[PDB]
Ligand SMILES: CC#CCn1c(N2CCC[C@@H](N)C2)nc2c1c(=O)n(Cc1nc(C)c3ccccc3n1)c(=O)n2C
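Form deposited without this ligand, single chain, as structure tokens, below.
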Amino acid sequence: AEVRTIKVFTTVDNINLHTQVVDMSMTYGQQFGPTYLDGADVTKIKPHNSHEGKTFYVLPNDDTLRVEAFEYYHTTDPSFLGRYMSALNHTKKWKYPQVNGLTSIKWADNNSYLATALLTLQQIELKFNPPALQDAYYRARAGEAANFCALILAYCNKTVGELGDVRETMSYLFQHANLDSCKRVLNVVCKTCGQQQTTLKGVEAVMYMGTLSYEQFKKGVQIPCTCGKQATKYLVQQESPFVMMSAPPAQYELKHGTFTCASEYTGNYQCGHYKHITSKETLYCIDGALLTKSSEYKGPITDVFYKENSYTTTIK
């Protein structure tokens, strides 16, 4: 029997290429293990003539690829590249319209949480650490967001179509961002126990769960003390370029000029839809490809983002 071969390249990062000679009588899987062509699983396919010179993603299956994959993605999760490829096979088919000057996502595959996450990132100062996210985010800002959205799904361990939470999604992305300079000082005052200051750094310095209002967080929020009293927690010092205030969805009034952007969630714990609100010359509501405007906004808000640089309390 006549042996036929083609040259292809394998990769884990789509930058560093590895020359391979493949036998056209054997599947990609038999030669490389799980193999993907621009997100499509070709593990059970035999090489085509049209494949010559093309790049295939493989799993990090030797030491060189293990190092290349960690350096690019900053993960050693064995299932990561397969999850990234499985997502990309869908996100490459999504549309990414420019809405009010931002890259959004046309609704598909239950992706509203990703649209509001993507819109938010374009309005806050954030630098990613993994080259994969740096490279994909640059492309997303330019309007080609398929790789970025597939990476969000992979980093968050979410599949296409799965219910997502914006706060959790932002937590994962912030873990892979340089927030090392961010600092928060809180004071908690109990009329029985006295006062306790806490310092938070990095992601914990920019995220708070319990109120949407940055102003209320400065004045004080009531929380339980271990003694059984209500204590007051308030912000003493903030050093960060933004803050994110989150809460269970509740009817909330957004006032033009008092916040950067916000997420709205309509539905229940099992099922629902996110929209994005941005405060510009007026209030714009971006719902995937859809855009409306209003002077006032009230709805079931879950996350609000605010601009910051340096804040020090006047509370003694």
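Each residue number is its position in the shown sequence, starting from 1. What we label the rigid core is the largest C-alpha set whose atoms superpose within 1.5 Å from one form to the other.
Not on display, but discussed next: the form solved in complex with this ligand.
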Every residue of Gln20, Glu52 and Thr55 near this ligand in the entry with it bound, heavy atom within 4.5 Å: no
In the entry with it bound, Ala154 touching this ligand (heavy atom, 4.5 Å): no
This ligand contact in the entry with it bound: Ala177, any heavy atom under 4.5 Å: yes
Distance check, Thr226 to this ligand in the entry with it bound, heavy atom within 4.5 Å: no
Close approach of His74 to this ligand in the entry with it bound, 4.5 Å, heavy atom: yes
Interface segment, criterion being heavy atoms within 4.5 Å of this ligand in the entry with it bound, picked from 140-148, 177-185, 117-125, 91-99: 177-185
Option touching this ligand, based on a heavy atom within 4.5 Å in the entry with it bound, out of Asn129, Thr192, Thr199, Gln222: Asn129
Moved residue between the shown form and the other one - picked from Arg141, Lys95, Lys191, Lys201, where its Cα shifts 2 angstroms or more relative to the rigid core: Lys191
C-alpha of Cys227 moved at least 2 Å between the shown form and the other one on rigid core: yes
